[PDB]
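Student: here's a sequence, model it:
(one chain, ligands or ions: 4)
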Amino acid sequence: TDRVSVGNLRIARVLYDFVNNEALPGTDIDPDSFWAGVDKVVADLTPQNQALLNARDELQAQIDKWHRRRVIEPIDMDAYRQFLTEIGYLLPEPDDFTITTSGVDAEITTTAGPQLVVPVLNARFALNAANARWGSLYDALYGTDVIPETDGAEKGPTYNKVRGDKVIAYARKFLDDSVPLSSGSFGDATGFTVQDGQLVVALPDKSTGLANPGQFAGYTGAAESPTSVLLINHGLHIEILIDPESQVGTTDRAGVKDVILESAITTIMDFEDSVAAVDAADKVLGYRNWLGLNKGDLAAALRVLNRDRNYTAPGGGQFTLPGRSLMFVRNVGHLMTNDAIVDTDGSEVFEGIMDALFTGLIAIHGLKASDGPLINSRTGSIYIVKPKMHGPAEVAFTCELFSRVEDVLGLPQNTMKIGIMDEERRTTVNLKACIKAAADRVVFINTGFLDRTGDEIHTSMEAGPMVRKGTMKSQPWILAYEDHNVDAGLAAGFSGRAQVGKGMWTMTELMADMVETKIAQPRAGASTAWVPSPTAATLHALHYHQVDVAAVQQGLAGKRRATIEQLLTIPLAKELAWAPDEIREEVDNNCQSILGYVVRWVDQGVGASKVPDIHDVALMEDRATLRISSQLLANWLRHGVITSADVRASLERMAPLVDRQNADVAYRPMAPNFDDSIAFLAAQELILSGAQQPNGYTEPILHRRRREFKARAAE
Ligand SMILES: O=C(O)C(=O)CC(=O)c1ccccc1Br
Ligand SMILES: [Mg+2]
Ligand SMILES: [Mg+2]
Ligand SMILES: [Mg+2]
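Tutor: Numbering: from 1, shown residues only. Ligands and ions are numbered 1, 2, ... in the order given. The protein structure is shown below:
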């Protein structure tokens with residue numbers, strides 16, 4: 001074949017060469033020692049990895065049966081809880097404790113702000129994301145619907161001054177609200193100066209300073225007429241760019257050209273739900289981008305990584321600020337294998353194990369000088385998001401894997417830190433124990449509410465028909481889950497030490513709506529939450545200026561706002577809940593979103609796509625949102641809400657509509673020859689086989705179908 005033999009492993013040549021030629025050089029790790037380490041870790045840890053996956057299946061089978069043997073209508077919560085406890089699903093809560101994780105950067109322990117997630121296989125997106133630490137407020141406002149396109153203020157081929165003025169006014173109000181003047185408004189400012197190290201703002205009638213002179217962080221240019229003024233509020237920087245010569249500045253009362261916000265404080269470079277990588281070739285593409293990010297030389301077309309930013313302190317001396325988003329990497333979880341490496345028997349190696357080895361290896365570069373200062377962690381940490389874990393034993397396993405990898409890489413123990421996704425029910429209900437299992441590695445917890453919703457549906461699949469997808473966000477279980485997560489983090493001493501994060505805004509074009517509603521997340525004490533783009537990061541930063549998360553967290557301390565009973569409230573629908581038109585809409589909406597996402601996954605290897613839903617709302621789709629849709633339809637089919645003819649008819653009805661939306665270029669229509677389309681059959685399979693997928697996961701089918709598509713293409 002095209003494999004390299006090391007011990008009991010047979011490594012795809014493309015991966016072997018990448019590691020030897022590109023990843024290892026510069027780390028001072030001996031190539032032969034590295035590969036011996038891979039062999040040993042894989043051999044040592046594979047058995048427990050398999051045992052954990054088996055335990056999931058066993059627990060689900062018992063719960064399935066428990067529901068089928070229920071006669072009593074209103075589910076008996078006391079009995080249900082006792083059953084979960086008996087089978088080892090619900091474990092004892094440990095005594096209070098405080099996490100001890102150290103060597104963590106300020107962006108994580110202390111700074112509250114947006115966290116951006118981006119597919120690592122897309123180099124351009126990854127570059128923009130790394131560079132999203134700073135972003136233009138004017139661009140974000142002008143370019144989105146945050147400023148309405150009412151009569152007069154519509155966007156067009158050229159600059160609209162009426163809209164420009166609304167942008168200016170919006171930002172002036174932001175400044176008044178965030179960094180207030182002693183008296184007067186920024187709206188009436190005519191200039192800025194620095195005298196005796198103090199910010200002085202010219203008003204038409206008098207001059208004034210900040211209500212809080214401490215918010216003045218520095219400036220650029222001459223003190224007598226700065227080219228910019230740097231402010232700080234709630235730990236985040238705001239920069240007013242002063243330039244009367246510019247188009248916008250010419251029209252401005254104080255010659256202001258733009259207001260720049262510190263935006264995406266940290267970014268997660270994703271190997272998991274937002275990318276499609278099903279073999280060694282795909283994995284290498286991803287690994288190479290992560291390498292380029294950490295070595296600091298990733299470049300497109302040239303677009304490159306930003307350097308740090310230089311400022312003068314109020315007093316006159318010099319300082320710098322980070323120009324890049326501090327990077328995490330999201331590895332895949334414990335489920336999947338990948339044929340990038342197979343053993344002598346031809347068995348595929350667990351992908352999570354490989355990701356820890358290879359992403360960890362590559363991250364070493366980000367800890368050292370780049371052709372420039374080192375790119376990433378100045379405190380010496382590697383930041384890894386670990387998704388889709390179920391319960392404390394699975395967290396303990398991730399910790400043991402990272403420990404073994406550190407030994408192979410010659411890194412200090414606990415270098416590799418863990419961002420824990422709380423996105424599976426068996427983690428939610430055992431959250432305190434999960435944090436404790438990683439007490440010296442954890443750098444965040446985050447409510448991955450989309451995956452968590454998929455797991456909610458699958459876990460209780462046999463219980464009955466679930467409510468419509470759009471109803472889930474307001475169900476008792478999810479509201480308890482969100483508060484429970486914050487409570488556990490604060491109780492474990494996260495304030496000042498680790499992020500308490502919440503989930504993704506998927507409506508990429510609904511920025512007015514995002515600005516209105518996502519403020520709920522920091523108001524709930526989350527020190528970070530997920531955004532889908534650098535523009536959304538800049539707009540979400542507004543919320544952290546309005547809400548003092550540090551104060552909110554202090555206020556929430558010691559509260560227990562969710563009960564186990566509330567967490568365990570299954571979102572069953574009521575009898576006769578739906579008219580036919582409602583059922584039809586749910587079916588068509590789900591099939592449309594499934595087909596829209598899956599067609600690009602299977603035929604083009606794209607793991608995240610904007611897919612208009614049935615209401616024509618552009619939604620960023622990833623595997624988690626697919627997990628929900630496929631599981632919901634699987635559940636409705638299982639309980640007789642819909643028939644197999646209903647499903648097939650809906651798929652065939654929506655497919656041509658998806659074809660139309662993709663009609664460009666490497667796209668192959670699904671209709672009318674449905675049985676000839678691997679993409680269509682994948683979509684169908686996710687629904688018709690959904691109840692039989694482990695925990696409702698979409699990867700086994702997606703990976704199989706993508707590999708099938710590639711094989712046909714090659715023949
Ligand atoms: O909610 C969860 O399960 C996630 O983990 C979300 C997620 O990755 C995502 C969902 C939609 C669009 C982009 C992303 Br990065
Ligand atoms: Mg079964
Ligand atoms: Mg997730
Ligand atoms: Mg405040």
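Student: list the contacts for the closest residue in space to residue 547 that isn't next to it in sequence?
Tutor: Spatial nearest neighbour of residue 547, chain neighbours left out: residue 522 (4.2 Å); criterion: CB to CB, 6 or more residues apart in numbering. C-beta: built from backbone N, CA, C; applies to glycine. Residue 522 makes contact with 112, 529, 543, 544, 547, 549, 552, according to CB atoms under 8 Å, 6 or more residues apart in numbering.
Student: and if we set it to 7 Å?
Tutor: Under the criterion of CB atoms under 7 Å, 6 or more residues apart in numbering, the contact list for residue 522 reads 112, 543, 544, 547, 549.
Student: quick check: the residue nearest to the second one when sequence neighbours are not counted vs ligand 1, distance?
Tutor: Distance criterion CB to CB, 6+ apart; nearest residue to residue 543, sequence neighbours excluded, is residue 519 at 4.4 Å. Summarising the geometry, the distance separating residue 519 from ligand 1, computed by CB to the nearest ligand atom, to the nearest Å, is 19 Å.
Student: I'd guessed residue 519 sits against residue 545; true?
Tutor: No. Using CB atoms under 7 Å, residue 519 makes no contact with residue 545, being 10.4 Å away.
Student: return the set of buried residues in whichever helix or strand residue 646 is part of.
Tutor: Following DSSP states H and E, one finds residue 646 within helix 644-661. For helix 644-661, the neighbour count (16 or more other CB atoms under 10 Å) marks 646, 647, 649, 650, 651, 652, 654, 655, 657, 658, 659 as buried.
Student: list the contacts of the closest residue to the fifth one other than its chain neighbours.
Tutor: Going back to what we said before, that points to residue 651. Distance criterion CB to CB, 6+ apart; nearest residue to residue 651, sequence neighbours excluded, is residue 591 at 5.2 Å. Residues touching residue 591, when contacts are defined by CB under 7 Å, 6+ apart, comprise 650, 651, 654.
Student: residue 417 belongs to a strand?
Tutor: Yes. Under the criterion used here (DSSP: H, G, I helix; E, B strand; the rest coil), residue 417 sits inside a strand.
Student: ok, so what distance separates it from residue 99?
Tutor: Note on residue 417: its distance to residue 99, by CB to CB, to the nearest Å, is 11 Å.
Student: also residue 165?
Tutor: Distance check for residue 165 against residue 99: by CB to CB, it reads 49 Å.
Student: mind checking which of the two has more residues around it?
Tutor: A direct count of neighbours by other CB atoms under 10 Å for residue 165 and residue 99 places residue 99 higher, at 19 against 16.
Student: quick revisit: I'd like to know how many residues surround the residue nearest to residue 543.
Tutor: Around residue 519 sit 16 other residues, with neighbours defined as other CB under 10 Å.
Student: what do you get for residue 512?
Tutor: Per other CB under 10 Å, the neighbour tally for residue 512 reads 14.
Student: same for the helix or strand containing it, what does it pack against?
Tutor: In this structure, residue 512 is located in helix 511-517 according to DSSP H and E. Helix 511-517 makes packing contacts with helix 534-546 when contacts are defined by 3 or more CB pairs under 7 Å, 6 or more residues apart in numbering; DSSP states H and E.
Student: using CSV, write out every CA atom in the helix it packs on.
Tutor: Coordinates of each C-alpha in helix 534-546 appear next as CSV, following Å, rounded to 0.1, in the frame of the first residue of the first chain:
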residue,chain,number,x,y,z
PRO,A,534,-15.0,38.4,13.1
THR,A,535,-17.8,40.9,12.4
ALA,A,536,-20.0,39.1,15.0
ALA,A,537,-17.1,39.2,17.5
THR,A,538,-16.8,43.0,17.2
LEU,A,539,-20.6,43.4,17.8
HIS,A,540,-20.7,40.9,20.6
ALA,A,541,-17.9,42.9,22.3
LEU,A,542,-20.5,45.7,22.9
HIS,A,543,-22.2,43.4,25.4
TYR,A,544,-19.1,43.1,27.6
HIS,A,545,-18.9,46.9,27.8
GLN,A,546,-22.5,47.1,28.9
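Student: who are the contact partners of the spatially closest residue to residue 634 that is not a sequence neighbour?
Tutor: Of all residues not flanking residue 634 in the chain, residue 690 sits nearest, at 3.1 Å (CB to CB, 6+ apart). Contacts of residue 690 were listed using CB under 7 Å, 6+ apart, and they are 630, 631, 634, 696.
Student: now the residues you listed in JSON lines, with neighbour count?
Tutor: Listed next are the contacts of residue 690 as JSON lines, based on neighbours: other CB atoms under 10 Å:
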{"residue": "630", "neighbour count": "31"}
{"residue": "631", "neighbour count": "30"}
{"residue": "634", "neighbour count": "23"}
{"residue": "696", "neighbour count": "25"}
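Student: where along the stretch 301-450 of the chain do the helices fall?
Tutor: Per DSSP state H, counting those that start in this stretch, the stretch 301-450 of the chain carries helices over the ranges 351-363, 392-409, 425-428, 431-437, 449-459.
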